[PDB]
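Asks: Sequence first, structure after, both from an experimental entry:
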There are 4 protein chains.
Amino acid sequence: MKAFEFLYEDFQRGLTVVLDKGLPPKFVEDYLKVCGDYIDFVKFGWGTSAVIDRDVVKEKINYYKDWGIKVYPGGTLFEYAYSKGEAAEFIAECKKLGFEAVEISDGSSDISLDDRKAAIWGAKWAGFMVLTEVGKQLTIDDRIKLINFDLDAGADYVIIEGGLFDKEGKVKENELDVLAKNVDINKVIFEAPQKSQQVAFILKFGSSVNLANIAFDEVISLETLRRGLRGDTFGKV
Amino acid sequence: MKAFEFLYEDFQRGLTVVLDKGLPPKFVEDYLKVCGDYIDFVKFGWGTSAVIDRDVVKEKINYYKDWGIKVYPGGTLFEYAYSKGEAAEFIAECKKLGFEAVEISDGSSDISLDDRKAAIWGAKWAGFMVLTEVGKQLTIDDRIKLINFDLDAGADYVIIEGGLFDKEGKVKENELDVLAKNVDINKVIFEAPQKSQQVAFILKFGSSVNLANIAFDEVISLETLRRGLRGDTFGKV
Amino acid sequence: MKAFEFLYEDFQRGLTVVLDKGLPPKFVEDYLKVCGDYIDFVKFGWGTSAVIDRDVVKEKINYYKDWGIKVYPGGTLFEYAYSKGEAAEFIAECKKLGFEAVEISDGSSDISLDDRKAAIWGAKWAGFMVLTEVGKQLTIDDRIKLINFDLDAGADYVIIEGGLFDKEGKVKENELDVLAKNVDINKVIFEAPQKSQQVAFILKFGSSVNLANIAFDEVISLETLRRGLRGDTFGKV
Amino acid sequence: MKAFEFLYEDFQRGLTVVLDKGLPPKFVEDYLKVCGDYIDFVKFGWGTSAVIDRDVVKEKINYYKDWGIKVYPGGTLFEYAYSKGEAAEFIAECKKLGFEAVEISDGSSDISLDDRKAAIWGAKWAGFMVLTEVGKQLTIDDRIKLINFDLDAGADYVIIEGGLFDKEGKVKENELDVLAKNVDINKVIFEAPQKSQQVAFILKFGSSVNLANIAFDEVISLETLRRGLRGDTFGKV
């Protein structure tokens, strides 16, 4: 039961992906009692999991699994291990630690479409859910090509690196409408670390939009924005 | 200790791959007491493992594992599951049954070089040892391209479909010499189901040659051929 | 439960008759755990049952009965006993040993149509299932006469001696089509000891065709051929 | 043992000084399990220790001491006590609380070079490790004079107030090269509260550079930047 339960009206809620930079284990155990209902995925940011103690990483993953959250290591660590030639050992250690998903990217390295598809099948047949990063010359048509290529290669979701906002910070609605006409947006996730970006995507697509790089203390804020309980979206959703 | 141990002279022994068509479980348990020292891999032929009871398949794999043998399902079962779109569930069931390797082939299907490389990484990152089948227009140079492509993609061994023998059954020694000049033959395995083929490869490359499709009752015959203890190779090795 | 159970598609399976030349008792007990689901009848070949120890013959028959298989002695032993004038003692000993069927033939003897029908009723009223052998001058029309005569006399199945293949080894499809127009092929069984014959009948009549003289180690091979899990019938059935 | 231990390559790591604004005691106890291996010193910021309960300050200092971290009160509290004439009582209370170092500064007060040297000896002979703050007219040569004066007076480290970055945010590399030619940079520490400054110093001097005013939640980020595990320093270190 929520406080003020009589104010609840039911709605379609999109995915939330949370960025964890290194939260303490028993802080995570208590933090999920407030907002574990509103998180779908957690990214351990970039290579941060390769810095932390191995029993601390396992203990944190068990706390997220008790709420049904899927945890994964950021794609920079895959690109690191891939550049060292260690990609099979990276995939094996992910399974021993207990991640349920992996992210494929070429943000710090160059990887061909042949190697990218091979890496996607590599991760699926190893038993992970697969996410990919798109956005790195790229017109909106070139993003549409890469998104469709990753979905046809078998990625479960595509993350748009965040492009979609102009020099002032207003959303480029023509490109965003062209994207929605050419791609199944139910399989797309947008990076929206700033509250103004979260408002712009919610006002464009409604409460069902999928969002990523959400800061751990803004999870409750985002749920109030989806539900119309903050002055930015009050009476608009 | 072997009978007549004083006749033993030590030598470099190549790989043996045995073909199992459906041997009974407690027949396999007793059979390995005679010749388990001389087997490296067992192929469960084509789709035969998809016909047998699941507890019988597990029981057989445990008997081969007690002698350190690596068991795998033949490449036609991969092509079947791949043609149905079930390739990830095929890899998952292989792990649950306890196979330690898989074979990638296109003997009945058509698969591109791009899909073939993606399937090889698929199997490697899932933690299997990977074998591939080559031979299906192909000159000796086209075999050499395909062998090097599968080895560069990361196959642990390449099996040559058996081409290498003429219309009478004599070995095409010029093509076989061109192969040995362009490929690391320590990673190549030759199909040799007939005793005359086993003799031709042993006389060309010595006891260290790797051989496949060996019938279960010819394993002891092959060890006598490698060791010079049968009239075909007597005094020639 | 079969291994890879998710690949199973349900189909109409025809009869399999297996030839036993003298398999050991506890080999049979273990062998049926692999392939007893895919056998309908076992022929003890020619006169081999008259050579073996009487308690060994009973012990083998009980192992086949535990899987619901019907065992019978080959028709050359009936022709032997009939030529000695001992046919009633042969029928009595079959019941004491525990065979559930008998085969009537004239492959080495000469027997009139009158005596043939009298022998068919002889075996039915004694309580056996009756099979007959046809093929010994005979055009396809003369086979069609003999098949209908044996079915009208009351035989449960007619076995075609295997005629149906040319001098190269290709099936004589014109005669085989004329047969299917004149005879109920659900009561016909074809001899097919070679894998090329098994493929030719499966491609002509589908998975539901009835086959005989199957070697004991080829039963799993035949089930993969019926199910399309081997390169000869892959994607054709 | 770290997660992904096989990716570790050994390297020279510089000092990290962390700013604590008032973290809760049992939050600090859990937080050090994640990143206590990557902290050398903790500054209790400005006068914040004089606002907190005396048993809470002791409890926090004991949690930092269990990881070998040296805690100190920020130099504004020394300047406060010095301006009141109470500097000897401030030194006495620091020993009773259990700080292991002190910071000498004139950031808000005016103090002569005579009084500054007397304060450095005051703190050393009382048994503390001594840090000083430099930067307040000053050319890079005048910074060099003050750094050498504090090191000759006996300071264990000198902190550069953070000058070294231009009006756009780019590092003034000409002055930074002149500094490194005149001063032992192993005894210098740079203030770098922003990630762009931390990157600029790591790219100029390598992973061995000493950094200060690191936010408590950015300690794991900084260790990934030193180790090349984040896109800013990926492949550059």
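Replies: That came in fine, so what should we check first? Residues are numbered from 1 along each chain as shown, chains lettered A, B, ... in the order given.
Asks: List the contacts of the closest residue to chain D within chain A.
Replies: Closest to chain D within chain A is residue A:47: 2.8 Å, counting by Cβ to the nearest Cβ. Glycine gets a C-beta too; all of them are placed from N, C-alpha and C. Contacts were defined as Cβ atoms under 8 Å, 6 or more residues apart in numbering or on different chains; by that measure residue A:47 touches A:74, A:76, A:77, A:80, D:224, D:227, D:229, D:230.
Asks: Neighbour count added to these, as JSON lines?
Replies: What follows is these, written out as JSON lines (neighbours: other Cβ atoms under 10 Å in any protein chain shown):
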{"residue": "A:74", "neighbour count": "24"}
{"residue": "A:76", "neighbour count": "24"}
{"residue": "A:77", "neighbour count": "27"}
{"residue": "A:80", "neighbour count": "25"}
{"residue": "D:224", "neighbour count": "25"}
{"residue": "D:227", "neighbour count": "20"}
{"residue": "D:229", "neighbour count": "24"}
{"residue": "D:230", "neighbour count": "24"}
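Asks: Surely residue A:101 is in contact with residue A:41?
Replies: Yes. Here residue A:101 reaches residue A:41: they are 6.9 Å apart, a contact under Cβ atoms under 8 Å.
Asks: which neighbours do these two share?
Replies: Residues touching both residue A:101 and residue A:41 comprise A:70, A:71, A:72, with contact defined as Cβ under 8 Å, 6+ apart.
Asks: Out of those, which sit inside strands?
Replies: A:70, A:71, A:72 (DSSP state E).
Asks: Please name the residues that touch the first one.
Replies: This points to residue A:70. For residue A:70, the contact set (Cβ under 8 Å, 6+ apart) comprises A:40, A:41, A:42, A:64, A:100, A:101, A:129.
Asks: Give me the nearest residue to the first one, chain neighbours excluded.
Replies: Right, residue A:40. Nearest non-adjacent residue to residue A:40, counting by Cβ to Cβ, 6 or more residues apart in numbering or on different chains: residue A:15, 4.6 Å away.
Asks: Contacts only, for that neighbour.
Replies: Per Cβ under 8 Å, 6+ apart, neighbours of residue A:15: A:40, A:41, A:157, A:189, A:210, A:211.
Asks: what residues does chain A put near chain D?
Replies: A:21-27, A:46-57, A:76-77, A:79-81, A:83-84, A:86, A:89-90, A:93, A:97, A:107-109 (Cβ under 8 Å from any Cβ of the partner chain).
Asks: Now list the buried members of the residues you listed.
Replies: The neighbour count (16 or more other Cβ atoms under 10 Å in any protein chain shown) marks A:21-27, A:46-54, A:56-57, A:76-77, A:79-81, A:86, A:90, A:93, A:97, A:108-109 as buried among the residues of chain A next to chain D.
Asks: in chain A, which spans are helices?
Replies: For chain A, the helices defined by DSSP state H cover A:25-35, A:54-65, A:75-83, A:87-97, A:113-125, A:140-153, A:173-182, A:195-205, A:219-226.
Asks: Tell me which of these sits nearest to residue A:2.
Replies: For the helices of chain A, the distance to residue A:2 is smallest for helix A:219-226, at 10.7 Å, taking Cβ to Cβ.
Asks: Taking helix A:195-205 as reference, get the angle to that closest one.
Replies: If you take axes from the mean of the first three to the mean of the last three Cα atoms, to 10 degrees, helix A:219-226 sits at 30 degrees to helix A:195-205.
Asks: buried residues in helix A:219-226?
Replies: Those would be A:219, A:221, A:222, A:223, A:225, A:226, for helix A:219-226 by 16+ other Cβ under 10 Å.
Asks: How about stretch A:185-196?
Replies: Quick answer for stretch A:185-196 (16+ other Cβ under 10 Å): A:185, A:188, A:189, A:190, A:191, A:192.
Asks: rewinding a little: how about the helices of chain A, which one is nearest chain C?
Replies: helix A:113-125 (15.6 Å).
Asks: then that closest one to CSV, C-alphas only?
Replies: The C-alpha coordinates for helix A:113-125 follow below in CSV (Å, rounded to 0.1, in the frame of the first residue of the first chain):
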residue,chain,number,x,y,z
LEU,A,113,29.3,-4.6,-38.3
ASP,A,114,30.5,-8.2,-38.8
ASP,A,115,32.2,-8.2,-35.4
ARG,A,116,29.2,-6.4,-33.8
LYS,A,117,26.7,-9.0,-34.9
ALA,A,118,29.1,-11.8,-33.8
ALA,A,119,29.4,-10.1,-30.4
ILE,A,120,25.6,-9.9,-30.1
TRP,A,121,25.2,-13.6,-30.9
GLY,A,122,28.1,-14.4,-28.5
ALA,A,123,26.3,-12.7,-25.7
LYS,A,124,22.8,-14.2,-26.5
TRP,A,125,24.0,-17.8,-26.8
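Asks: now what about that helix, what contacts it?
Replies: A:78, A:82, A:87, A:91, A:102, A:104, A:106, A:111, A:130, A:132, A:149-150, A:153-155, B:87-88, B:91, B:114, B:117-126.
Asks: These, buried ones only, as a ChimeraX selection?
Replies: Those of the contacts of helix A:113-125 that count as buried under 16+ other Cβ under 10 Å are selected in ChimeraX with:
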select /A:78,82,87,91,102,104,106,111,130,132,149,150,153,154,155 /B:87,88,91,117,118,119,120,121,122,123,124,125,126
